[PDB]
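A.B. asks: Quick one: this structure, given as C-alpha cells, is what I'll be asking you about.
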Number of protein chains: 12
Amino acid sequence: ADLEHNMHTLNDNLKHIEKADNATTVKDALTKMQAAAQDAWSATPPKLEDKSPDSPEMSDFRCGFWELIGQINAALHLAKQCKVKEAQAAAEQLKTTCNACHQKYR
Amino acid sequence: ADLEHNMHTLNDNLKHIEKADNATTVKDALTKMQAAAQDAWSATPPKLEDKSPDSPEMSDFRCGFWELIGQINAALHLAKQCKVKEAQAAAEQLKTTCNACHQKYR
Amino acid sequence: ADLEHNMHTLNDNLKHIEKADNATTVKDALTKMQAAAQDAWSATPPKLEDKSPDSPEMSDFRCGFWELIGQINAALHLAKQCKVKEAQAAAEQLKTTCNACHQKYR
Amino acid sequence: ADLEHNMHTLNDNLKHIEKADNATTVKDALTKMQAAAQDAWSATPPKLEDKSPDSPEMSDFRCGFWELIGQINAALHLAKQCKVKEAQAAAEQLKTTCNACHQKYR
Amino acid sequence: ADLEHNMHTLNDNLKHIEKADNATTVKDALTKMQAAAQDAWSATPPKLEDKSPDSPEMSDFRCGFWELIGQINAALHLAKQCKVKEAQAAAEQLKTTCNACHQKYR
Amino acid sequence: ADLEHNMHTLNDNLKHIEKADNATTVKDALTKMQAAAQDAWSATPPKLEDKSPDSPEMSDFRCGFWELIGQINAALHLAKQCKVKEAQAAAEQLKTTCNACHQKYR
Amino acid sequence: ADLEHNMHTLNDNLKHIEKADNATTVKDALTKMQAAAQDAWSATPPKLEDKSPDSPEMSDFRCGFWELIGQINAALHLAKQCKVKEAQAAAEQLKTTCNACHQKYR
Amino acid sequence: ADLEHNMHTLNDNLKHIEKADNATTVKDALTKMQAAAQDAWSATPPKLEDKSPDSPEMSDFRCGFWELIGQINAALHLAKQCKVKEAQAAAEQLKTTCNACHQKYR
Amino acid sequence: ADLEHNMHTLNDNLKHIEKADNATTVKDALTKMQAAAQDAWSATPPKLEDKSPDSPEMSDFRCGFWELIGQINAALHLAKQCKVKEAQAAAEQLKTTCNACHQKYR
Amino acid sequence: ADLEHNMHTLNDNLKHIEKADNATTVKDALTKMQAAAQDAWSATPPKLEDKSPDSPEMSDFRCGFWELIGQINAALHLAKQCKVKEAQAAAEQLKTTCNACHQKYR
Amino acid sequence: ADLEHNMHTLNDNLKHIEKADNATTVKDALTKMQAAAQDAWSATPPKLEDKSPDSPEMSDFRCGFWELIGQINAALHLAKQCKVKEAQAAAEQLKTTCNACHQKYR
Amino acid sequence: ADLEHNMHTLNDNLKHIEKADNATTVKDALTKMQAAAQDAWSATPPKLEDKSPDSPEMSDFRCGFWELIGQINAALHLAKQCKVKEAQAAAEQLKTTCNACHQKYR
Ligand code: HEC
Ligand code: HEC
Ligand code: HEC
Ligand code: HEC
Ligand code: HEC
Ligand code: HEC
Ligand code: HEC
Ligand code: HEC
Ligand code: HEC
Ligand code: HEC
Ligand code: HEC
Ligand code: HEC
Ligand SMILES: [Fe+3]
Ligand SMILES: [Fe+3]
Ligand SMILES: [Fe+3]
Ligand SMILES: [Fe+3]
Ligand SMILES: [Fe+3]
Ligand SMILES: [Fe+3]
Ligand SMILES: [Fe+3]
Ligand SMILES: [Fe+3]
Ligand SMILES: [Zn+2]
Ligand SMILES: [Zn+2]
Ligand SMILES: [Zn+2]
Ligand SMILES: [Zn+2]
Ligand SMILES: [Zn+2]
Ligand SMILES: [Zn+2]
Ligand SMILES: [Zn+2]
Ligand SMILES: [Zn+2]
Ligand SMILES: [Zn+2]
Ligand SMILES: [Zn+2]
Ligand SMILES: [Zn+2]
Ligand SMILES: [Zn+2]
Ligand SMILES: [Zn+2]
Ligand SMILES: [Zn+2]
Ligand SMILES: [Zn+2]
Ligand SMILES: [Zn+2]
Ligand SMILES: [Zn+2]
Ligand SMILES: [Zn+2]
Ligand SMILES: [Zn+2]
Ligand SMILES: [Zn+2]
Ligand SMILES: [Zn+2]
Ligand SMILES: [Zn+2]
Ligand SMILES: [Zn+2]
Ligand SMILES: [Zn+2]
C-alpha cells in the first residue's frame with residue numbers, strides 16, 4: 001500500500017491499544033503495526049522526491065523506521081506473556097520516535 | 001551460492017528489465033534480484049579475506065548491500081501497480097550504488 | 001524467550017561445535033544460534049533499563065547483534081558445503097564479537 | 001474485532017477506491033471490505049442491547065449485512081476482469097445500502 | 001466466470017448424474033455444481049440490469065440460489081454414504097427449483 | 001453425520017459450557033457446536049420427509065439453523081477476548097431458539 | 001478434554017457402529033475413538049488421585065489404554081478394506097477390555 | 001497393508017543395506033522399515049486367530065514389534081550422522097530379534 | 001541429538017518452570033521437554049554399551065522414558081487450561097522418576 | 001472423467017476464448033484445457049476397443065494428445081505475458097490438430 | 001533407487017493385484033507401480049553401459065517405459081471407479097510390454 | 001521466461017559444474033537446468049516462426065528437448081548418491097546433444 005495508508009494503520013491501531021482491557025486486543029493490534037512499518041521502510045516521502053536514492057536524507061529516513069520496528073517487536077514480546085500494562089506503556093513511548101521524524105520529513 | 005554467482009544473477013536480470021515490454025517480465029526479474037542480494041550480504045570479498053570480521057571494511061561492505069535491498073524493494077513496489085516505465089527508471093538508478101562498491105572492494 | 005535464556009542457547013550450542021566430528025551436528029547447532037540471536041536483538045539489558053529506547057546506548061546494543069547475525073550466516077554457508085573445519089574456525093572467531101559487548105552492557 | 005473497528009475498515013477502504021488509478025488498488029481494498037463485513041454480521045448494535053437475540057430488530061439487522069456482502073462480491077468480480085471504472089461505479093452504489101441502516105440502528 | 005458459463009456447468013454435470021453407474025462419478029459431479037452455484041449467487045441477470053441492487057427483484061433472485069445450494073449439499077451428503085440411487089433421485093428434484101427461476105428472470 | 005448425531009454434539013457441549021471454569025474449555029466447546037450446526041442445516045427432518053424440498057416448511061427449517069449459527073458465532077467472539085462469564089450467558093440464551101424449533105419439527 | 005468427556009466419545013460412537021449400514025459410517029466413528037483413547041491415556045482417575053505417578057496402579061491403568069488402542073487400530077484396518085461385518089464384530093469384542101478396567105478404577 | 005506384505009518390505013530393504021556404499025541408500029531403506037513395522041504392530045498372526053485380543057500371546061506379540069521399532073530408530077540415528085559402517089552393523093543385529101519371534105508365532 | 005544434549009534440554013527447561021510467573025512460559029518449556037524425551041528413548045547409555053539390544057537392562061531403560069513421557073503429557077494438559085500452580089507442582093514430581101534411573105544407568 | 005466429458009471441456013472452453021475481451025478469461029480457460037487433455041491421453045477410444053494396448057493404432061493415438069499438450073502450453077505462455085491477441089490466434093490453430101485425429105479414431 | 005530395486009517394486013505389487021478381493025488393495029498397488037516406473041525411465045541398463053546417451057538403443061529403451069506408464073495410468077483410472085475386475089484384467093496385459101523389453105536389454 | 005533466457009540458465013549452470021568441489025553445488029545446479037529445459041520444450045525458435053505447429057521441424061525440435069531432460073535426470077540421480085565425479089562426467093556428455101540441435105535450428 002501507499003505511505004499514506006501505512007500511516008493510517010499505525011495511527012488507528014495505536015489508539016485501540018490505550019483503551020484495551022484484554023491481552024488479545026493488544027496482541028492483535030501490535031501485529032498489524034509490525035506489518036505496516038515494514039512496508040513503509042522502503043518508500044520515498046514527498047519532501048525527498050527530487051533527491052537521489054543514495055542521499056544522506058534517504059539514509060536517515062530508513063534508519064528511523066528500523067528503530068520503530070525494534071520497539072514494536074519488544075512490545076509484542078511483552079503482550080505474549082500476557083503483561084498488558086507493560087505492553088501498553090511500551091506503546092506510549094513510541095510517540096517520541098514518530099515525533100522526531102515528523103519534524104524533518106513530514 | 002557463491003558471491004560470484006550472485007553477481008551473475010544481478011547482472012543478467014538487470015539487462016532483461018531494460019528490454020521488457022510487459023509488467024510480468026519486470027516483476028519476475030526483480031524478485032530474483034531480491035533473493036540474490038540477500039544471500040550475498042553475509043559473504044566476504046577476496047580483497048578483504050585477511051581482515052577480521054569486525055573491521056570497518058566489513059562494516060561498510062554490509063552497509064552497501066542493505067542500501068541496494070531497499071532500492072530493489074521500492075522498484076518491486078511500482079511493478080506490482082503495473083507501472084512499467086516507473087519501475088524501469090528506478091532500476092536504472094541502481095547502477096550508481098553498484099559503481100561505488102566496485103571502486104573499493106572489487 | 002528471555003534475554004537470559006537466549007544466552008543459554010548461544011553458549012551451549014557453541015561448545016557442541018568445537019567437539020563435533022560430522023557436518024550434520026555443526027549445521028544443526030548453527031541454525032539454533034541464528035534463531036536465538038534474532039529474538040535477542042530487540043531486548044533491553046538490565047544495565048540500560050532506565051534509559052529511553054532512542055538512546056545511543058540502545059543504538060550500539062542493536063548494532064552488536066546485527067554484526068553477530070552476519071557472522072553466524074557466513075559460518076552456516078560453509079557448513080552446507082560440507083566444509084566442517086572451515087565452519088568450526090569461523091565459529092571460534094565469534095568470541096571476539098561477544099567479548100566486546102560484555103565489557104559494556106553485561 | 002469490534003463493530004466500531006469494522007466500520008473503520010469499511011469507511012477507509014471506500015475512500016481509497018474513488019481515488020485509485022490501477023486495478024491492483026481496487027482489488028485489494030475490496031478484499032478487506034469483504035472480511036470486515038462478515039465479522040460484523042453477527043454483532044449487536046448498542047441501540048438493540050436490551051433486546052432478545054430472536055427479535056425482528058435483530059432479524060432486519062442481519063438481513064442488511066447480507067445484502068452488503070452480495071454487493072461487495074459483485075464489485076470484486078468486476079475488478080478481477082481488470083474493469084476499473086465498472087468496479088468503481090459499483091462501489092459508489094454501496095452508500096444507499098449503508099444510509100438505510102444508519103437511519104434505524106445507528 | 002460469467003453467469004452463462006456457470007449455467008453450462010450446472011447443465012452438463014446434471015446429465016452425467018442420470019447416466020452414472022458408480023458413486024465416484026456422482027460425487028465428483030455434485031462438487032462442481034456446488035462451486036458453480038456459489039459463484040453465480042452474486043451475479044446480475046440481463047433482465048434486471050437497469051434495476052438498483054436493493055430491489056425486491058434482486059432479493060428474490062439471491063433467495064433462489066440459496067435454496068439450490070441447500071439441495072445440492074443434501075444430495076452430496078447421500079453420495080458420500082455410497083447411496084447412489086438416493087442421490088440420483090435427489091438430483092432429479094432439482095429441476096423444479098430451476099424451472100421456477102426461468103419463468104421470472106430468464 | 002446424521003441429524004441425530006449432530007444433536008448429540010450440540011447437547012453434550014452445551015452442558016460442558018455451564019460447568020467450565022477456564023476460557024479454553026468454553027472456546028473449544030463452541031467450535032464443535034459451530035461445525036455441527038452447519039452440517040445439520042441442509043438435512044431433512046423425519047416429520048417433513050414426504051414434502052418437496054421447495055416447501056414453506058423446508059424454508060422455515062433452514063431459517064432456524066441460520067439464526068443459531070449467528071448466535072454461536074457471537075458467543076465465540078466473546079470467548080476469544082477471555083470473557084468467560086459473558087460467553088456463558090450468551091450460550092444460555094441459545095435455548096429459546098431451540099425450544100421454538102422443537103415445537104414445530106421435532 | 002477431560003477423562004469424562006473422552007468416555008462420552010467412546011460410548012456414543014460405539015453405539016453408532018452397531019446400527020451402521022455402510023462402510024463410511026464405521027470408518028468415521030472408529031477414527032474419533034482412536035483420538036479419544038490417546039488423549040485419555042495420560043490422565044489420572046479420581047480413585048487414584050492420592051497416589052504417586054510411579055505407582056503400580058498407575059502402571060496397570062496406562063497398560064489398559066494401550067491394549068484398547070491396538071484393538072481400535074485393528075478394527076479400523078478392516079473398515080478400510082470395506083469389510084463392514086468384520087469391523088462390526090471386532091468392535092463388539094472391545095467391551096471385554098473396558099469391563100475389566102471398570103471393575104478396578106471406575 | 002497386510003502382515004505378509006509388511007514382511008516383504010522388511011526383508012527386501014534389509015538386503016539393500018548390506019550392499020550399500022553411500023549413506024543416502026542406508027537412510028532411505030531404514031525409513032521404509034520404520035513405517036512397515038508400525039503398520040504391522042496391531043495385526044493378528046494366523047496362528048493366534050482363534051484367541052481373544054486380551055491374551056498373553058497377543059501381549060508378547062505386540063511387545064516384540066516395539067523392541068524392533070526402538071532398534072530401527074537407533075540405527076536411523078547413526079545414518080543421519082553419515083556413519084555408514086555403524087548403521088550397517090546395527091542393522092545386522094536386527095536378525096536376533098526376528099529369529100526369536102519366528103520360533104513362536106510363524 | 002546426543003543423549004548428553006537431550007539431558008541438557010531437560011535440565012535447563014525444568015529450572016525455568018519453577019521461576020515462571022505466567023502460563024506461556026510453562027507451556028513452552030514443557031513442549032521442549034516432550035521432544036527431548038522422545039529423541040532419547042531409543043539411545044544407548046555408555047554403561048550398557050557392551051550389551052546386546054535385547055537385554056533386560058535395555059528393556060528397563062526404555063520403560064523408564066515411557067513413564068516420563070506420560071508425566072510430561074499430563075503436566076502439559078494442565079498448562080493449556082491456564083492452571084499454572086497445578087502444572088508447576090506436577091513438574092516437581094518428575095524428579096523422583098529421574099532419580100531412580102540415575103542410580104542404575106548413570 | 002470419461003473421454004466423452006474431457007471432450008466437453010475442450011469444446012466449451014475453446015468457444016469462450018474467441019469471445020473473450022480480457023486476459024483473465026483466456027488464462028483461466030487455457031488451464032482447464034490443459035488438465036482435460038492430460039486425463040484423456042491414457043484413454044481408449046471406442047473404435048480401438050478390440051485392439052491390444054501395444055498396437056500401432058494406440059501409439060499414434062497417444063502421439064496426437066502429446067502434440068496438443070505442447071500447443072496448449074505455448075498458448076498459455078503468451079497469456080501470462082498479457083498478450084491476448086497472440087494467445088487467441090494460437091488457440092485457433094489448435095483445430096488443425098483435432099481435425100486430423102477425428103478422421104482416424106472418431 | 002536403483003534400476004534393480006525398481007524392478008522389485010513392479011514385480012511384487014503385480015502379484016498382489018491378481019489375489020486382491022477389494023478395490024483399496026488394487027488402487028494402492030497401482031500407485032506404487034506408477035512411481036517406480038517413472039524413477040526407472042532415466043536409468044541405464046548394464047548391457048548398454050558402454051554406449052553414448054544419444055544412441056538408438058537408449059532411445060528405444062526410454063520409449064518402452066513411456067508405453068508402460070500410459071498403461072498403468074489407464075488401469076488406475078478403472079480402479080478409482082471401483083471396477084476391480086476391469087482393473088485386474090488391464091494389469092494382466094502389462095506382461096506383454098515387459099516381455100518385449102527383456103528380450104532386448106535384460 | 002523466453003527461449004533466450006532459458007539458454008542463459010543452461011549455459012551458466014553447466015560451467016559451475018566443471019569447477020565444483022562438493023556435491024551440494026552439483027546438485028543445486030542440475031535442478032535449475034531441469035526447470036529451464038522443461039519451460040523451453042514448448043517454445044518456437046525464430047528460424048521456424050513461419051511454419052505451422054504440426055510440422056516435422058517442430059516435431060524434431062520437441063524430440064530434442066525430451067532427450068536432454070532424460071540425461072539431466074540421470075545425472076541428478078548420481079548427485080544425490082554423493083557421486084560427484086560420476087555426475088560431472090555425465091554433464092560433460094550433454095554437449096553432444098546440444099551441438100546437434102544448434103546445427104539445425106540455431
Ligand atoms: C519517519 C521516519 C516516520 C515515522 C517513524 C512515522 N511517520 Fe507518520 N509520517 C511520516 C511521513 C513522511 C508522513 C507524510 C507522508 C504522506 O504522504 O502522508 C507521515 C504522515 C503521517 C500521518 C498523516 C497521514 C495522512 O493522511 O496524511 C499520520 C496520521 C501519521 N504519520 C502517524 C504516524 C504515527 C502516530 C507514527 C508513530 C508511531 C508514525 N506516523 C510514524 C513519517 C513517519
Ligand atoms: C558491494 C557492496 C557490491 C554491490 C552492491 C554489487 N557488487 Fe558486483 N561485485 C562486488 C564484488 C566484491 C565483486 C567481486 C567478487 C568476486 O569474487 O567476483 C563483484 C563482482 C561483480 C561482477 C563480476 C562477476 C565475475 O564473474 O567476476 C559483476 C558482473 C557484478 N559484480 C555485477 C554487479 C552489478 C551490476 C551490481 C549492481 C546492481 C552489483 N554487482 C552489486 C561487489 C558488489
Ligand atoms: C551484546 C551485544 C551481546 C552479545 C553479542 C552476546 N551477549 Fe551474552 N550477554 C549480554 C548481556 C547484556 C548479558 C546479560 C543479560 C542477562 O540478564 O543475563 C549476557 C549474558 C550472557 C551469559 C550469562 C547468562 C546468565 O545466565 O546470566 C552468557 C553465558 C552469555 N551471555 C554468552 C554469550 C556468548 C558466548 C556470546 C557470543 C557468541 C554472547 N553471549 C553474545 C550481551 C551480549
Ligand atoms: C447496518 C446494517 C450497517 C451497515 C450496512 C453499515 N453500517 Fe456503519 N454503522 C452501523 C452501526 C450500528 C453503527 C454504530 C456502531 C458503533 O458502536 O459505532 C455504525 C457506525 C459507522 C461509523 C462510525 C464509526 C465510529 O467510530 O463510531 C462509520 C464511519 C460507518 N458506520 C461507516 C459505514 C459505511 C460507509 C457503510 C457502508 C458501506 C457502513 N458503515 C455499513 C450500521 C451499519
Ligand atoms: C435463478 C434463480 C436460476 C437458477 C436456480 C438456475 N438458473 Fe439457469 N438461468 C438463469 C438465468 C437468469 C439465465 C440467463 C442468464 C444468461 O445470460 O444466460 C439462465 C440460463 C440457463 C441456461 C442457458 C445458458 C445459455 O447458454 O444461455 C441453461 C442451460 C441453464 N440456465 C440451466 C440451468 C439449470 C438446469 C438449472 C437447475 C439446476 C439452473 N440453470 C439454475 C437463472 C437460474
Ligand atoms: C430446528 C431448527 C432445530 C434446532 C435449532 C435444534 N434442533 Fe435439536 N432437534 C431438531 C429435530 C428436527 C430433531 C429430531 C431429529 C431426529 O431424527 O432426532 C431434534 C432432536 C434433538 C435431540 C434428540 C436427539 C435424539 O437422540 O433423538 C436433542 C437432544 C436435541 N435436538 C438437542 C438440541 C438442542 C439443545 C438445541 C439447541 C441448542 C438443538 N437441538 C437445536 C431440530 C432442531
Ligand atoms: C480404563 C483402563 C478404561 C477403559 C479402557 C475405558 N474406561 Fe470408561 N471409565 C474409566 C474410568 C476411570 C471412568 C471414570 C472417570 C470419570 O471421572 O468419569 C470411566 C467412565 C466411563 C463412563 C461414564 C462417563 C461419565 O459421565 O461418568 C462411560 C460411559 C464409559 N467409561 C464408557 C467406556 C466404554 C464403553 C469403554 C470401552 C470401549 C471405556 N469407557 C473404556 C476407565 C476406562
Ligand atoms: C514378530 C514379533 C515378528 C517380527 C519382529 C518379524 N516377523 Fe516376519 N513374520 C512374523 C509372522 C507372524 C510371520 C507370518 C505372517 C504371515 O502370514 O506371513 C512372518 C513372516 C515373515 C516372512 C515370510 C513372508 C511370506 O511371504 O510368508 C518373512 C520373509 C519375514 N517374516 C521377514 C522378517 C524379518 C527379516 C524380520 C526381522 C527384521 C521380521 N520378519 C520381523 C513375525 C515377525
Ligand atoms: C533414564 C531412564 C533417565 C531419565 C528418565 C533421565 N535421565 Fe538424565 N541421565 C541418564 C543417563 C543414562 C545419563 C548419562 C548419559 C551421558 O552420557 O551423559 C544422564 C545424565 C544426565 C545429566 C548429565 C548431563 C551431562 O552433561 O553429563 C543431567 C544434567 C541429567 N541427566 C538430567 C536429567 C533430569 C533432571 C532428568 C529428570 C527429569 C533426567 N535427566 C532424566 C538417564 C536418565
Ligand atoms: C485424438 C487424438 C483427439 C484429439 C486431439 C481431440 N479429440 Fe475430440 N474426439 C476424439 C475421439 C476419439 C472422440 C470420440 C470419443 C467418444 O466416445 O465420444 C472425440 C469426440 C469429440 C467430441 C464429441 C463429444 C461427444 O459428446 O461425443 C467433441 C465435441 C470433440 N471431440 C471436440 C474436440 C476438439 C474441439 C478438439 C480439438 C481441440 C478435440 N476434441 C481433440 C479424439 C480426439
Ligand atoms: C524395459 C523397457 C523394461 C520394462 C518395461 C520392465 N523391465 Fe524389468 N528389467 C529390465 C532390465 C533392463 C532389467 C535388468 C536390470 C538389472 O540390473 O537388474 C530388468 C530386470 C527385471 C527383474 C530382475 C530383478 C533382479 O533382481 O535382477 C525383474 C523381476 C523384473 N525386471 C520385472 C519386471 C516386470 C514384471 C515388468 C513388467 C511389468 C518389468 N520388469 C518392466 C527392463 C525392463
Ligand atoms: C534444441 C533442441 C536445443 C538444445 C537441446 C539446446 N539449445 Fe541452446 N539454442 C537453441 C536455439 C533454437 C537457440 C536460439 C534461440 C534464441 O532466440 O536465442 C539456442 C541458443 C543458445 C545460446 C545463445 C543464447 C543467446 O543469447 O542468443 C546459448 C548460450 C545456448 N543455446 C546454450 C545451450 C547449451 C550449452 C545447450 C546444451 C546443454 C543448449 N543450449 C541446449 C536450441 C537448443
Ligand atoms: Fe547503521
Ligand atoms: Fe555428505
Ligand atoms: Fe431470508
Ligand atoms: Fe510393558
Ligand atoms: Fe489467558
Ligand atoms: Fe494487467
Ligand atoms: Fe466402495
Ligand atoms: Fe516418439
Ligand atoms: Zn505495500
Ligand atoms: Zn487508508
Ligand atoms: Zn547462498
Ligand atoms: Zn553463475
Ligand atoms: Zn522470544
Ligand atoms: Zn535457559
Ligand atoms: Zn472480529
Ligand atoms: Zn479502528
Ligand atoms: Zn466466477
Ligand atoms: Zn461455458
Ligand atoms: Zn455430516
Ligand atoms: Zn451420536
Ligand atoms: Zn485432551
Ligand atoms: Zn461430554
Ligand atoms: Zn496397513
Ligand atoms: Zn508384497
Ligand atoms: Zn536426535
Ligand atoms: Zn548441550
Ligand atoms: Zn479422469
Ligand atoms: Zn460433460
Ligand atoms: Zn530413484
Ligand atoms: Zn529391492
Ligand atoms: Zn517460462
Ligand atoms: Zn538471461
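By convention in this document, the chains of the C-alpha cells carry letters A, B, ... by their order, each chain's residues are numbered from 1, and ligands are numbered from 1 in the order they are shown.
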Around ligand 1, at most 7 Å away and counting only C-alpha atoms and all ligand atoms, which residues are there? Put them as a list in words, please.

C.D. replies: residues 3, 4, 7, 8, 10, 11, 45, 46, 61, 62, 64, 65, 68, 94, 95, 97, 98, 101, 102, 105 and 106 of chain A

A.B. asks: Give me a file of those residues, with N, CA and C atoms, as a CSV table (one decimal), in the first residue's frame.

C.D. replies:
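Produced file selection.csv, reproduced below:
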chain,number,residue,atom,x,y,z
A,3,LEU,N,2.4,5.0,1.3
A,3,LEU,CA,2.9,5.5,2.6
A,3,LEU,C,1.8,6.1,3.4
A,4,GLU,N,0.8,6.8,2.7
A,4,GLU,CA,-0.2,7.4,3.5
A,4,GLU,C,-1.2,6.4,4.1
A,7,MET,N,0.4,4.9,7.3
A,7,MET,CA,0.3,5.8,8.4
A,7,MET,C,-1.1,5.8,9.0
A,8,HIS,N,-2.1,5.4,8.2
A,8,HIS,CA,-3.5,5.2,8.7
A,8,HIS,C,-3.5,4.0,9.6
A,10,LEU,N,-1.0,2.7,11.4
A,10,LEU,CA,-0.2,2.9,12.6
A,10,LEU,C,-1.0,3.8,13.6
A,11,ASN,N,-1.7,4.8,13.0
A,11,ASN,CA,-2.4,5.7,13.9
A,11,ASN,C,-3.7,5.1,14.5
A,45,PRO,N,9.3,9.7,0.8
A,45,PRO,CA,8.4,10.7,1.2
A,45,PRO,C,8.3,11.8,0.1
A,46,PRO,N,7.2,12.6,0.1
A,46,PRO,CA,7.1,13.6,-1.0
A,46,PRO,C,8.0,14.8,-0.8
A,61,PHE,N,16.2,8.5,6.8
A,61,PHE,CA,14.8,8.1,6.8
A,61,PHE,C,14.6,6.6,7.0
A,62,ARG,N,15.5,5.8,6.4
A,62,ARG,CA,15.4,4.4,6.6
A,62,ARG,C,15.9,3.9,8.0
A,64,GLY,N,15.2,5.5,10.7
A,64,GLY,CA,14.1,5.8,11.6
A,64,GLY,C,13.0,4.8,11.7
A,65,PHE,N,12.8,4.1,10.5
A,65,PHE,CA,11.8,3.0,10.6
A,65,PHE,C,12.4,1.8,11.2
A,68,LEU,N,11.9,2.0,14.9
A,68,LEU,CA,10.5,1.8,15.3
A,68,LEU,C,10.1,0.3,15.2
A,94,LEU,N,6.4,5.0,22.0
A,94,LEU,CA,6.6,5.0,20.5
A,94,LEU,C,6.4,6.4,20.0
A,95,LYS,N,5.7,7.3,20.7
A,95,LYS,CA,5.4,8.6,20.1
A,95,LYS,C,6.6,9.6,20.1
A,97,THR,N,9.6,8.6,19.1
A,97,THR,CA,10.2,8.2,17.8
A,97,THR,C,9.5,8.8,16.6
A,98,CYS,N,8.2,8.9,16.6
A,98,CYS,CA,7.5,9.4,15.5
A,98,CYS,C,7.1,10.8,15.6
A,101,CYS,N,10.6,12.2,13.6
A,101,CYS,CA,10.6,12.0,12.1
A,101,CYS,C,9.7,13.0,11.4
A,102,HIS,N,8.6,13.4,12.1
A,102,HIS,CA,7.7,14.4,11.5
A,102,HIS,C,8.3,15.8,11.5
A,105,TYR,N,10.8,15.2,7.9
A,105,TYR,CA,10.3,14.7,6.6
A,105,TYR,C,8.8,14.8,6.4
A,106,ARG,N,8.0,15.2,7.3
A,106,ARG,CA,6.6,15.4,7.1
A,106,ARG,C,6.2,16.9,6.9

A.B. asks: In chain I, what's helix (DSSP H, G or I) per DSSP? Answer as a PyMOL selection string?

C.D. replies: chain I and resi 3-18+23-39+46-48+56-79+84-92+94-100+102-105

A.B. asks: If we count only C-alpha atoms, which residues of chain E reach to within 8 Å of chain K? Please list them as number ranges by chain.

C.D. replies: E: 22-25

A.B. asks: Please save N, CA, C and O atoms of the selected residues as a PDB file, in the first residue's frame.

C.D. replies:
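See selection-v1.pdb below for the written result:
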ATOM      1  N   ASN E  22     -21.543 -45.659 -10.933  1.00  0.00           N
ATOM      2  CA  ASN E  22     -20.779 -45.782  -9.702  1.00  0.00           C
ATOM      3  C   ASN E  22     -20.964 -44.523  -8.870  1.00  0.00           C
ATOM      4  O   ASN E  22     -21.554 -43.539  -9.314  1.00  0.00           O
ATOM      5  N   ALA E  23     -20.453 -44.570  -7.644  1.00  0.00           N
ATOM      6  CA  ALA E  23     -20.629 -43.486  -6.691  1.00  0.00           C
ATOM      7  C   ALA E  23     -19.523 -42.447  -6.751  1.00  0.00           C
ATOM      8  O   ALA E  23     -19.652 -41.400  -6.113  1.00  0.00           O
ATOM      9  N   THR E  24     -18.445 -42.708  -7.490  1.00  0.00           N
ATOM     10  CA  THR E  24     -17.387 -41.720  -7.667  1.00  0.00           C
ATOM     11  C   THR E  24     -17.768 -40.688  -8.721  1.00  0.00           C
ATOM     12  O   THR E  24     -17.410 -39.513  -8.596  1.00  0.00           O
ATOM     13  N   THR E  25     -18.528 -41.102  -9.734  1.00  0.00           N
ATOM     14  CA  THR E  25     -18.992 -40.179 -10.764  1.00  0.00           C
ATOM     15  C   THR E  25     -20.033 -39.210 -10.216  1.00  0.00           C
ATOM     16  O   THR E  25     -19.994 -38.012 -10.521  1.00  0.00           O
TER      17      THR E  25
END

A.B. asks: Which protein, DNA or RNA residues have an atom within 8 Å of ligand 32, counting only C-alpha atoms and all ligand atoms, as a compact mmCIF listing (two decimals) with N, CA and C atoms, in the first residue's frame?

C.D. replies:
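Once written, selection13.txt looks like this:
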# COMPACT_ATOMS: atom_id res chain seq x y z
N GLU F 4 -29.35 -36.83 13.82
CA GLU F 4 -29.45 -37.26 15.21
C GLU F 4 -28.11 -37.14 15.94
N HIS F 5 -27.00 -37.42 15.25
CA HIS F 5 -25.71 -37.28 15.90
C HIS F 5 -25.27 -35.83 16.01
N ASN F 6 -25.71 -34.97 15.09
CA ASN F 6 -25.42 -33.54 15.21
C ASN F 6 -26.15 -32.92 16.39
N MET F 7 -27.29 -33.49 16.79
CA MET F 7 -27.97 -33.07 18.00
C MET F 7 -27.33 -33.64 19.26
N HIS F 8 -26.59 -34.75 19.14
CA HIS F 8 -25.80 -35.25 20.26
C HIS F 8 -24.64 -34.32 20.57
N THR F 9 -24.06 -33.71 19.54
CA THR F 9 -22.91 -32.83 19.73
C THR F 9 -23.33 -31.49 20.32
N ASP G 12 -20.60 -43.01 22.74
CA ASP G 12 -21.55 -42.60 21.71
C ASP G 12 -21.21 -43.21 20.36
N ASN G 13 -19.93 -43.21 19.99
CA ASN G 13 -19.52 -43.71 18.69
C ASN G 13 -19.57 -45.23 18.60
N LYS G 15 -22.10 -47.04 19.84
CA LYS G 15 -23.49 -47.37 19.56
C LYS G 15 -23.87 -47.05 18.12
N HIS G 16 -23.16 -46.14 17.46
CA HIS G 16 -23.39 -45.88 16.05
C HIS G 16 -22.79 -46.95 15.15

A.B. asks: List as a tab-separated table every residue of chain G that is in contact with ligand 33, defined as an atom at most 8 Å from one of its atoms (using only C-alpha atoms and all ligand atoms), together with the nearest atom pair and the distance in Å rounded to one decimal, sorted by chain and then rising number.

C.D. replies:
residue	atom	partner	partner_atom_place_in_ligand_line	distance
G:1	CA	ligand 33	1 (Zn)	3.5
G:2	CA	ligand 33	1 (Zn)	6.0
G:3	CA	ligand 33	1 (Zn)	7.9
G:6	CA	ligand 33	1 (Zn)	7.9
G:36	CA	ligand 33	1 (Zn)	8.0
G:39	CA	ligand 33	1 (Zn)	5.0
G:40	CA	ligand 33	1 (Zn)	7.0

A.B. asks: For ligand 35, which residue out of G:84, G:43, G:76, G:90 is the nearest one, using only C-alpha atoms and all ligand atoms?

C.D. replies: G:76

A.B. asks: What's around residue 26 of chain K at 7 Å? Count only C-alpha atoms, leave out sequence neighbours fewer than 3 positions away in its own chain, and write the answer as a VMD selection string.

C.D. replies: chain K and resid 17 20 23 29 to 30 79

A.B. asks: Within 10 Å of ligand 15 (counting only C-alpha atoms and all ligand atoms), which residues show up? I'd like them as a list in words.

C.D. replies: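 Listed by chain and ascending number, the contacts are residues 59, 60, 62, 63 and 66 of chain D; 59, 60, 62, 63 and 66 of chain E; 59, 60, 62, 63 and 66 of chain F.
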
A.B. asks: Which distance in Å separates atom 15 (C, counted along the ligand's line) of ligand 10 and atom 1 (Zn, counted along the ligand's line) of ligand 40, to one decimal?

C.D. replies: 11.8 Å

A.B. asks: Could you state the separation of atom CA of residue 42 of chain C and atom CA of residue 74 of chain A in Å, given to one decimal place?

C.D. replies: 5.6 Å
